[PDB]
Amino acid sequence: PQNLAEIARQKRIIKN
Amino acid sequence: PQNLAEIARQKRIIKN
Amino acid sequence: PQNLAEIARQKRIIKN
Amino acid sequence: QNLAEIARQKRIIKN
Amino acid sequence: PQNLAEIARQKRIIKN
Amino acid sequence: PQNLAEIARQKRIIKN
Amino acid sequence: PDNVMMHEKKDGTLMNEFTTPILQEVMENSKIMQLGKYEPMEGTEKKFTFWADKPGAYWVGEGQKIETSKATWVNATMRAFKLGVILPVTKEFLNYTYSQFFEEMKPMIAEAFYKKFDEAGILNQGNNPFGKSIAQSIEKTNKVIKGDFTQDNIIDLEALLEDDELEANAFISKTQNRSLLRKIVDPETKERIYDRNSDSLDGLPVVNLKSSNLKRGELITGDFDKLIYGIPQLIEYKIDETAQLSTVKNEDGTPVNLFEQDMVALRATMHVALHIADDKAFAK
Amino acid sequence: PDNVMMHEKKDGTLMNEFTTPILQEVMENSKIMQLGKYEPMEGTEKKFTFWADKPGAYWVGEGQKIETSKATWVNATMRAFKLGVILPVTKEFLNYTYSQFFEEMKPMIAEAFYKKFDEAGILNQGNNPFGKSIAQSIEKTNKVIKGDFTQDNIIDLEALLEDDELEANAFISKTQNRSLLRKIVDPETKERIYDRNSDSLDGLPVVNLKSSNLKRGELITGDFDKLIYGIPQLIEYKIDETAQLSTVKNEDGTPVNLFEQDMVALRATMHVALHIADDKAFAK
Amino acid sequence: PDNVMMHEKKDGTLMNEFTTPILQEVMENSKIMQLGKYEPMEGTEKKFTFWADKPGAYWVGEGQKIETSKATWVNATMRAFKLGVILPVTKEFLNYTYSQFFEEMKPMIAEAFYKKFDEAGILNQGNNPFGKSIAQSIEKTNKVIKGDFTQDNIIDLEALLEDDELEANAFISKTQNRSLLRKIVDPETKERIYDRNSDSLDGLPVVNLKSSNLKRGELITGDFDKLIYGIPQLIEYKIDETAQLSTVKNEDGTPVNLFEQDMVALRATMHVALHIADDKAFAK
Amino acid sequence: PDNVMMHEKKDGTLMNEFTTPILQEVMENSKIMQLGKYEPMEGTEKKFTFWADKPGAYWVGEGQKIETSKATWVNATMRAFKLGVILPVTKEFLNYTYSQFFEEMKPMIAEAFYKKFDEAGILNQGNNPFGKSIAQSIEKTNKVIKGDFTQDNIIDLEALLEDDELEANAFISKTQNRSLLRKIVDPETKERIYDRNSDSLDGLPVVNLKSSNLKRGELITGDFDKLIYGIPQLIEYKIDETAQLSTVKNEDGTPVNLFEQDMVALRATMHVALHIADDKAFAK
Amino acid sequence: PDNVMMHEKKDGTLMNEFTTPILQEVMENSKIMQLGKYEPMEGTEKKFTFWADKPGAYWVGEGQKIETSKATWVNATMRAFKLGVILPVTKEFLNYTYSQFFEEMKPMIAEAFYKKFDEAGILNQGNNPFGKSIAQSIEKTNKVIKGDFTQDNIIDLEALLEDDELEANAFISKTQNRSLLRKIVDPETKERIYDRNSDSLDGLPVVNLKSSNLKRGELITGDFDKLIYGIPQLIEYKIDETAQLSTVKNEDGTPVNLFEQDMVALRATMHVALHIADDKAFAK
Amino acid sequence: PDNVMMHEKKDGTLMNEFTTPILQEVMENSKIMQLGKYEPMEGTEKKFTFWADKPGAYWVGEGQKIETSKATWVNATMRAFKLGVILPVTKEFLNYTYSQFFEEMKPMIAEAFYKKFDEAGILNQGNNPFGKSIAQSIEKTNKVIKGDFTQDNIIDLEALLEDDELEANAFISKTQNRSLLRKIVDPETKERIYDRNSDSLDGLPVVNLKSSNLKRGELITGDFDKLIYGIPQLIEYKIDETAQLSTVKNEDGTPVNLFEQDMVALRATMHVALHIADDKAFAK
């Protein structure tokens, strides 16, 4: 859940 | 207020 | 054989 | 000295 | 001789 | 002369 | 409590040590996950929107704004036969349980599961919709252009959501559609739009949909919340299914046809802003 | 008084520790902030201006300067609703420990503050502009040009602001306008005006005003004074609010419909020195 | 026991530290490896194909699918001759040590393994078939198209494969065929199908099959299994080679010719979902 | 002696720590300061000018080097009365300190000094001349062009000074001219002279003098001698000023109108070479 | 033993300390070198080609094929001269020592080697032949293209390499030919073929041969083996020459006309696998 | 011996500590060290050139090439009046010593020297050239082009060097020409060529020589040999010169008017390969 949130933010094609 | 003026100088669309 | 299959998946022309 | 140095450094025509 | 071949691969046009 | 050579090579528009 | 030492755990719930790795694999696989956000939640989440207007002190002349609440939910499942075909190798699991068991099957169960999400996510061909997002959002807000491929039309495609105060983020276009993106060049300004090196249309990365449900289409997104919750939840039965056929036609009588099957019940959730542009084709 | 620890303070004033973070999130989002220049004040700001000329030890001819003083005041205030509802009543307060909520609700209030202020700053909408807005300064000194978007017409706008000894600094144009400009190309030399990658119109950077008070309008300013001196404040409301409305078209009784409401007040001031350019559509 | 240090071991079994590097060099060159899918094996094994999915408890009906079984085996010999020349004697192996001998052969043996697998895998040309090639599946199911290279025919090939459910994937075509793919252009829609920079036919990637089997044709796949593992081995001897040819006349007598050859015994295996199509020449 | 303490020093020969930043602001803002070579001195200097030609070593001499003797003097005064008004009373100065006044003073007094000098330097409109001005040199050396802005005229304008040995170095103009410089294009060779991005007229760099005196003018400038050495001083008193006209039409007695005034006098010099060209409108 | 110290050594083998620097400069300057891959040898080396058809315990009578053997030798010597005539006598080099002489000679000797090597190695013209060469291999297999510089001809040229299952890698075009290459653009896909900045024709690096044995030609390479052995080896010379010419007509009599030459005999070997293409002008 | 301390020694020769700084200013300012090359020399060095044949012990060869011998000479002088400006020997020179002297005329004397080198180097209008120059090499080898600034004409210009197996490196052109470089709009590809931000034409750096002898044209350079040698001489005498002017009408005599002069003579030589191109307009 916590790791998921950080990885969903990081490991992603679009990033701001 | 004073910190805002400093960040207004730094974080901005235009810089002089 | 597991490590071979892992690298085989990595080095593939078609993306999974 | 310092004023003349700033003038030399910040003249537009530096060719 | 062997060092020359090592340098060659580094100093090639297309590194491989 | 020797120092000049180093400066001539360094302070140049093409290849540094 | 759980360890590598021992198996014979047919029905159970995964540890968070293994749940995050198997999710990590499913994130990059997906299309909607790569183009989407993640708010946390437990069972269902109540969301709401809008900015409103407020007076300083005096007058309060012509001030009127509104706001509404939202909801999110729904569960999804999968029945793998592949671990049941591996099942014969009892020594594998007995010697090195969990670590070696779940590492071998990270593609086997996640690969099928992510494609199911994309079927109901980007299209609505899959029979597990909830918000019924992208397909219906186009039908609700008719933002479709008659499909021809030129920069003017690409600008028009973006203009539809740019008109309704919403910035463009990223594109969704097929691998087959990639060929038609190369010929886009303007007459006056001789410059190319699509870059060969990076799969991006403009300053906007493209995701290639593999599900064969597009002819000549492009979809913009960037205001979606993909949400995974709970635990994958493993069950190991050896019995007759309903939605299955065994080679010829007959139902897969698992005691007769000696297999096992692993069940995986993860959670799958979406939400929409209802402002997306879609493209297709002119006449043919 | 406060630190981490606890939370049972229904009314309150924010510490400087939490005040500057929320104000930082207001800065980047605002259009008038980034384009404009700044200085600190107290309750009100009075700045005294104008230029003189003197040789020294001589008296010759004419050309004596004139004095004008300018004082600036007032405040733009922005309410939440949304923010109170997110927190589960007193249970949040029971386990909050004075940290996480200003951080969680950082972009929610900050977004609405800039939204309302930009409408009052650039346009003359709402009852907030006690001082002179950009739109009002254009009405005083008629610098409005009529015509379709073309390279020469964009330069003509800048030329007219230049006509009265002032260099053009940066454009303001909405998201709809951005998409329209892309097709502008010079006939004589094959090169484009607008650039999406580096958001700038005529080599001058643009910021997208995301409000519904513009159609075909572009605005450029050189000098601009804005002041942000004060504190946001923290208030609870379990009672009904007039500015807020429920989904349909009703006042929304907070004791009737069990919600919670937050209220923030930002002491913000604006000011101009006249001479600003403008464009607008024709239709017929 | 073995590592660096020495080499006076004629026979033996190759250490897995050096085995998987050799297989890593075979990896990229083999076309059927790039196009196929990989699941681990030890000697003999059985697997089941396809993917499974559910929508949870919401909708029970629909989503019917098939399962099918198949057993995996077969061995492929490799006899080396180049080696014998480059190294006079086994004391020279020692002077190199155990490591570098295999590093010198690393390309040579790998080149011939991929060469034969592709020749015996995509077609039934060589003496190392066993099950059914890609060509053999097409001999069963008449999926033939006449020798013409047009935009309609490539779409027809994909549509013909699509007609029986399964969508197309990467293309296999020889290097000489790449010249004909350049000039496929429509008059109405002026765009070329084949992308020259990134080797891809109709968006999907191509592999240039280096062999003298095809002439003017295209192959496709997607769903294909091809994993193999055992141990390569090494046997050094000097005898009359049957399946090799000395200079240009007759079989190679090694004690006569004074060489020192080497053998590699690897296993080769393939399973196919039987639905593939081929385009071939017509002539007249 | 001084550094910060608590100000209370009405009279003051301000230290060089705070002088050279204030002069630097005058330099960058000034247009005449942007173009010239400035030798140092104290009160007055006898000094020589013009560049030395080559002797040539082997070939006697050829062209003469030329030498000439010149003199340099005169002071400029400036009162920033409104800047004194900002700090109301001596107790407020005590908290403000000596150092604070100079940093907050720096922008306004520098603005006033450069504006004065350029108005009475380039033009002879402001009455603090030294004889050797640009306007006065044009009266002697008749270099007037009729009201026509064309490429041929701009080349002819540069050719006038070229006839008398010297080379065209740089331009001085206003921001209004930029519009009139845009329209200059020849039909045979379609190219603009003035570049919009990099502010250069005929390749040579332009500087924008924002003075309400000229209208349709192009000035050309090369070698100029000037002096900005000398301590500006700082005196502030509560007394009447004949220079500063307040509000409508009065002397502005300081005992009557309670304000505070500050006076700063900066030594200033200019010199010319008497070969400068100028363009002007005609109409009829 | 020797390093810096002195320089009175007439005859001598160069140390490997200095052999790598001189060869490093030869690598960049030579065109064939840059393209080729250099495996190490001694005086000679025996290399074998081809693969073989290999089944696993079955074997049908087919695929016997040919195996080919090959060996390589012959050297490439070149003279320094330049340094020798500039810097005369040993005592003058005693101050320079051993280290100084090589660095100063570095570019002259390295420039010499490649000029002679390429003049005989690529085009078979220079009097130092060895059978194996680029131009000689084209006489065996005709890869000739006519004298027109259009994209389709370069495609057809590459297609001739593709006919014998071989890939294009690099290019060789004359410096004079660089003008014609850049001015080739297709009408449909409006893009330049030959990029000026990154020196490449079809995304494949072009290398500019300085030899004057070409006019409007293009050579192509890939799998190519150049080899090198031993040392450059220097000898000081105060003796008569036959090979060189002293300006007008007489020879380089080193003790007659007081000079001091140098001899440098490098050993370089070549091997060719065959199938290399070439475009040449036809005209009439 | 000398460093700071004092000033009195009238004649002498500069220290290497104060030679390199003053000479650095010459190098960076001049359009020759920026775009050229360097080696040391001792009075008047001699250069030898061209590549020898050398056989590989097989056959002497029928090529037969030649050797060329060359040299460089002549130096320049400069007597500036800048020390007369800074005269005060009693006070200033004692305080300034041997350090601050050169710092005050670090820009000057170097200024006059650098300008004249290019005046009699790139062009040959000066009266101290020594044969070898760019203008003279163009008169020897006709590379003159007559036409406008079109893409093809720039390619043609560059191609002249390519025609004799030589690569282009950089460009020489004045700032007035920059306007005509802007309008180079190609009919195909990138529509620009000349980069606006970085001063480069074809990815080759353009150097802005601001001479009076260049109208509208481009020169290419990249094969120079500039040779500086010897520490510069300084002399201090108050005397009558034959040439030069005192003020306006009469010869400069010291007893009439007390000036003071400073000489700096730096010895410098050039050399060219005799293949450099030029472009001009068409005479009509």
# chains A, B, ... in the order shown; residues from 1 in each chain; ligands from 1
call {"tool": "residues_around", "arguments": {"residues": "region 49-66 of chain G", "least_positions_apart": "3", "cutoff": "12 Å", "atoms": "only C-alpha atoms", "output": "VMD selection string"}}
result
(chain G and resid 46 69 to 70 272 to 273) or (chain H and resid 74 to 83 85 to 86 107 to 117 119 to 120 125 to 130 211 241 to 252 263 to 269)
call {"tool": "write_last_selection", "arguments": {"atoms": "C-alpha atoms", "output": "compact mmCIF listing (two decimals), in the first residue's frame"}}
result
# COMPACT_ATOMS: atom_id res chain seq x y z
CA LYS G 46 -15.78 9.19 -1.21
CA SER G 69 -19.68 13.71 -4.12
CA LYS G 70 -18.34 10.53 -5.81
CA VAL G 272 -13.25 9.50 -14.56
CA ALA G 273 -13.26 13.26 -15.26
CA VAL H 74 -7.84 44.98 0.96
CA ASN H 75 -7.95 41.11 0.98
CA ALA H 76 -9.08 38.08 -1.09
CA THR H 77 -10.72 35.35 0.99
CA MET H 78 -11.28 31.65 0.08
CA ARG H 79 -13.43 28.95 1.73
CA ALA H 80 -12.97 25.16 1.75
CA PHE H 81 -15.96 22.85 2.52
CA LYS H 82 -14.06 20.02 0.74
CA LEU H 83 -11.24 20.12 3.29
CA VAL H 85 -15.28 16.72 4.95
CA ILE H 86 -12.02 14.79 4.24
CA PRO H 107 -3.10 22.15 -2.92
CA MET H 108 -6.88 22.22 -2.23
CA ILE H 109 -7.12 25.70 -0.64
CA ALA H 110 -4.11 27.08 -2.58
CA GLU H 111 -5.77 26.21 -5.93
CA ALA H 112 -9.00 28.04 -5.07
CA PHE H 113 -7.11 31.12 -3.74
CA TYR H 114 -5.24 31.69 -7.03
CA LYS H 115 -8.41 30.87 -9.03
CA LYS H 116 -10.39 33.69 -7.39
CA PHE H 117 -7.48 36.18 -7.22
CA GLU H 119 -10.12 36.57 -11.94
CA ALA H 120 -9.97 39.76 -9.82
CA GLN H 125 -14.83 39.86 -12.32
CA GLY H 126 -16.19 39.44 -8.79
CA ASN H 127 -16.57 42.12 -6.10
CA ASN H 128 -12.92 41.73 -4.93
CA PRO H 129 -11.02 44.33 -7.04
CA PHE H 130 -10.92 47.39 -4.75
CA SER H 211 -10.84 30.73 -16.32
CA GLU H 241 -22.70 28.45 4.71
CA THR H 242 -24.32 30.71 2.08
CA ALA H 243 -21.48 30.76 -0.49
CA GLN H 244 -21.42 26.93 -0.59
CA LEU H 245 -24.24 25.00 -2.31
CA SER H 246 -25.24 21.32 -2.42
CA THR H 247 -25.42 19.25 -5.65
CA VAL H 248 -28.87 20.40 -6.85
CA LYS H 249 -29.59 24.11 -6.06
CA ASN H 250 -29.83 24.56 -2.27
CA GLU H 251 -28.00 26.33 0.58
CA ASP H 252 -26.73 23.10 2.26
CA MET H 263 -12.44 28.65 6.32
CA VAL H 264 -9.20 30.40 5.24
CA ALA H 265 -8.52 34.14 4.85
CA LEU H 266 -5.46 35.44 2.94
CA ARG H 267 -4.50 39.13 3.33
CA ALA H 268 -3.61 39.83 -0.34
CA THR H 269 -3.24 43.21 -2.11
call {"tool": "interface_residues", "arguments": {"of": "chain C", "to": "chain G", "cutoff": "12 Å", "atoms": "only C-alpha atoms", "output": "number ranges by chain"}}
result
C: 1-3, 5-6, 9, 14-16
call {"tool": "calpha_fit_rmsd", "arguments": {"fixed": "chain C", "moving": "chain F"}}
result
1.2 Å
call {"tool": "residues_around", "arguments": {"residues": "residue 282 (chain I)", "least_positions_apart": "4", "cutoff": "10 Å", "atoms": "only C-alpha atoms", "output": "ChimeraX atom specification"}}
result
/I:145-148,216
call {"tool": "write_last_selection", "arguments": {"atoms": "N, CA, C and O atoms", "output": "PDB file, in the first residue's frame"}}
result
ATOM      1  N   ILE I 145      -0.809 -17.317 -49.941  1.00  0.00           N
ATOM      2  CA  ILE I 145      -1.113 -16.101 -50.711  1.00  0.00           C
ATOM      3  C   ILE I 145      -0.121 -15.998 -51.877  1.00  0.00           C
ATOM      4  O   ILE I 145       1.046 -16.376 -51.742  1.00  0.00           O
ATOM      5  N   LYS I 146      -0.593 -15.480 -53.009  1.00  0.00           N
ATOM      6  CA  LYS I 146       0.209 -15.382 -54.237  1.00  0.00           C
ATOM      7  C   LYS I 146       1.233 -14.242 -54.190  1.00  0.00           C
ATOM      8  O   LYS I 146       1.042 -13.242 -53.494  1.00  0.00           O
ATOM      9  N   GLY I 147       2.311 -14.412 -54.955  1.00  0.00           N
ATOM     10  CA  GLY I 147       3.455 -13.494 -54.948  1.00  0.00           C
ATOM     11  C   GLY I 147       3.214 -12.118 -55.530  1.00  0.00           C
ATOM     12  O   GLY I 147       3.561 -11.850 -56.682  1.00  0.00           O
ATOM     13  N   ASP I 148       2.620 -11.249 -54.716  1.00  0.00           N
ATOM     14  CA  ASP I 148       2.454  -9.828 -55.034  1.00  0.00           C
ATOM     15  C   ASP I 148       2.619  -9.012 -53.750  1.00  0.00           C
ATOM     16  O   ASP I 148       2.026  -9.349 -52.721  1.00  0.00           O
ATOM     17  N   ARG I 216      10.964 -15.027 -51.892  1.00  0.00           N
ATOM     18  CA  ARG I 216      10.096 -13.848 -51.915  1.00  0.00           C
ATOM     19  C   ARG I 216       8.845 -14.152 -51.089  1.00  0.00           C
ATOM     20  O   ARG I 216       7.807 -14.548 -51.630  1.00  0.00           O
TER      21      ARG I 216
END
call {"tool": "residues_around", "arguments": {"residues": "residue 11 (chain C)", "least_positions_apart": "6", "cutoff": "12 Å", "atoms": "only C-alpha atoms", "output": "ChimeraX atom specification"}}
result
/C:4-5 /I:24-31,33-38
call {"tool": "write_last_selection", "arguments": {"atoms": "N, CA and C atoms", "output": "short mmCIF file (atom, residue, chain, number, x, y, z; two decimals), in the first residue's frame"}}
result
data_model
loop_
_atom_site.label_atom_id
_atom_site.label_comp_id
_atom_site.auth_asym_id
_atom_site.auth_seq_id
_atom_site.Cartn_x
_atom_site.Cartn_y
_atom_site.Cartn_z
N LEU C 4 17.99 -18.35 -17.03
CA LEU C 4 18.00 -18.31 -18.50
C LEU C 4 16.67 -17.78 -19.03
N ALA C 5 15.57 -18.32 -18.50
CA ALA C 5 14.21 -17.88 -18.85
C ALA C 5 13.93 -16.42 -18.47
N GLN I 24 23.70 -17.39 -24.07
CA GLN I 24 23.47 -15.95 -24.18
C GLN I 24 23.91 -15.38 -25.54
N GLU I 25 24.95 -15.96 -26.14
CA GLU I 25 25.38 -15.58 -27.50
C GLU I 25 24.47 -16.17 -28.60
N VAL I 26 23.88 -17.33 -28.33
CA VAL I 26 22.88 -17.94 -29.23
C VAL I 26 21.57 -17.13 -29.19
N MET I 27 21.30 -16.53 -28.03
CA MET I 27 20.06 -15.80 -27.72
C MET I 27 19.55 -14.85 -28.82
N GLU I 28 20.37 -13.87 -29.17
CA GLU I 28 19.94 -12.77 -30.04
C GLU I 28 19.89 -13.17 -31.51
N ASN I 29 20.81 -14.04 -31.93
CA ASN I 29 20.92 -14.46 -33.33
C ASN I 29 19.76 -15.34 -33.79
N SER I 30 19.27 -16.22 -32.91
CA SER I 30 18.12 -17.07 -33.21
C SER I 30 16.85 -16.23 -33.33
N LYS I 31 16.18 -16.35 -34.47
CA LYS I 31 14.97 -15.58 -34.76
C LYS I 31 13.76 -16.14 -34.02
N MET I 33 13.78 -17.67 -31.18
CA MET I 33 13.89 -17.28 -29.77
C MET I 33 13.26 -15.90 -29.52
N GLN I 34 13.61 -14.94 -30.37
CA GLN I 34 13.07 -13.58 -30.29
C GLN I 34 11.55 -13.54 -30.46
N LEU I 35 11.05 -14.33 -31.41
CA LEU I 35 9.62 -14.41 -31.71
C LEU I 35 8.84 -15.29 -30.72
N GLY I 36 9.49 -16.31 -30.16
CA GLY I 36 8.84 -17.26 -29.25
C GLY I 36 8.80 -16.85 -27.79
N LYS I 37 8.21 -17.72 -26.98
CA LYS I 37 8.09 -17.55 -25.52
C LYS I 37 8.80 -18.68 -24.78
N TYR I 38 9.21 -18.39 -23.54
CA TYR I 38 10.14 -19.24 -22.78
C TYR I 38 9.60 -19.65 -21.41
#
call {"tool": "select_by_dssp", "arguments": {"residues": "region 102-234 of chain G", "states": "strand (DSSP E or B)", "output": "PyMOL selection string"}}
result
chain G and resi 144-145+170-172+185+192+200-202+204-207+219-221+225+227+234
call {"tool": "interface_residues", "arguments": {"of": "chain H", "to": "chain L", "cutoff": "8 Å", "atoms": "only C-alpha atoms", "output": "JSON, numbers by chain"}}
result
{"H": [189, 190, 191]}
call {"tool": "residues_around", "arguments": {"residues": "residue 140 (chain K)", "least_positions_apart": "4", "cutoff": "10 Å", "atoms": "only C-alpha atoms", "output": "VMD selection string"}}
result
chain K and resid 135 to 136 274 to 275
call {"tool": "write_last_selection", "arguments": {"atoms": "C-alpha atoms", "output": "short mmCIF file (atom, residue, chain, number, x, y, z; two decimals), in the first residue's frame"}}
result
data_model
loop_
_atom_site.label_atom_id
_atom_site.label_comp_id
_atom_site.auth_asym_id
_atom_site.auth_seq_id
_atom_site.Cartn_x
_atom_site.Cartn_y
_atom_site.Cartn_z
CA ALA K 135 38.63 -3.40 -55.49
CA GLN K 136 39.94 -6.90 -56.33
CA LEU K 274 34.30 -11.28 -49.75
CA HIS K 275 30.99 -9.70 -50.94
#
